[PDB]
Amino acid sequence: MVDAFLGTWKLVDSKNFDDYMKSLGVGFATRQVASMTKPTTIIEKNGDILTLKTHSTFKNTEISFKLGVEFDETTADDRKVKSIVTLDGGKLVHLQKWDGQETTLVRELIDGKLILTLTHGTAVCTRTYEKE
Ligand SMILES: CCCCCCCC/C=C\CCCCCCCC(=O)O
């Protein structure tokens, strides 16, 4: 089930996010702001549709999707990607594909905390979110 991911989460730790952003071609100015931003992520369900909001003082995003069904997404850094989200080993796995590249955004619950692992190229970033 997806239900233990649901709720409101705030960033409390981040490792290697600059590497991840630079691997995606994000410019220095955006990387600078992003290194100091602590987003709030809200994940809600209505039937088979999940909505994931990411809010901050610089950028906001919102996506709605059905697990296992491709959707178009315009990311926070303005990539237009083809996305699919699924549950795999109890993790929420979001795969983005564009121009032959791939990145994964994988969420795992460990001791009530939401660990987001971002992988692109050789860059691996780990972000820790705490429940609200
Ligand atoms: C909507 C705010 C999320 C972060 C704000 C600024 C980041 C913009 C630059 C790179 C984004 C790369 C893809 C999105 C990263 C998601 C990180 C997260 O949810 O913690």
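According to its header, this structure was worked out by X-ray crystallography, 1.0 Å.
A Cβ is built for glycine as well, from the same backbone N, Cα and C atoms used for every other residue.
What Swiss-Prot lists as (9Z)-octadecenoate binding site is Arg127, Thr128, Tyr129. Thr128 ((9Z)-octadecenoate binding site) carries a strand DSSP state (E or B).
Around the Cβ of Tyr129 ((9Z)-octadecenoate binding site), 23 further Cβ atoms fall within 10 Å across all displayed protein chains. Here Swiss-Prot flags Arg127, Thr128, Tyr129 as hexadecanoate binding site, drawing on experimental evidence.
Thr128 ((9Z)-octadecenoate binding site) counts 16 other C-beta atoms within 10 Å of its own C-beta, drawing on all protein chains shown. Sequence annotations record features per position, and here Swiss-Prot assigns octadecanoate binding site to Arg127, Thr128, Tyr129.
According to Swiss-Prot, the N-acetylvaline annotation covers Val2. Annotation note: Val2 (N-acetylvaline) sits in a coil segment as assigned by DSSP.
The secondary structure of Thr8 (phosphothreonine), as reduced to three states from DSSP, is extended strand. Residues near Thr8 (phosphothreonine) in space but far in sequence (CB under 8 A, at least 6 apart, same chain), listed by position: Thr40, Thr41, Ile42, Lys131, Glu132. The phosphothreonine annotation in Swiss-Prot covers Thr8 (among others).
Around the Cβ of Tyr20 (phosphotyrosine), 25 further Cβ atoms fall within 10 Å across all displayed protein chains. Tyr20 (phosphotyrosine) falls within a helix when secondary structure is assigned with DSSP. Annotation source Swiss-Prot lists phosphotyrosine at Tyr20.
As annotated by Swiss-Prot, phosphoserine applies to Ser23 (among others), with the evidence given as similarity to another entry.
Sequence-distant neighbours of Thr30 (phosphothreonine) (same chain, six or more apart, CB under 8 Å from its CB) are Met21, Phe58, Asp77, listed in sequence order. Among the features that Swiss-Prot reports, phosphothreonine is placed at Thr30 (among others).
Sequence-distant contacts (6 or more apart, same chain, Cβ under 8 Å) of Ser83 (phosphoserine) comprise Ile63, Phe65, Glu70, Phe71, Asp72, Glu73, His94, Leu95, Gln96, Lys97. DSSP classifies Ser83 (phosphoserine) as strand under the three-state reduction. As annotated by Swiss-Prot, phosphoserine applies to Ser83 (among others), with the evidence given as similarity to another entry.
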Which recorded positions from the set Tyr20, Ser23, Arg127, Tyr129 have a C-beta atom lying less than 6 Å away from ligand 1?
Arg127
When you rank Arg127, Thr128, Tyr129 by Cα distance to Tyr20 (phosphotyrosine), which of the binding-site residues ends up on top as the closest?
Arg127
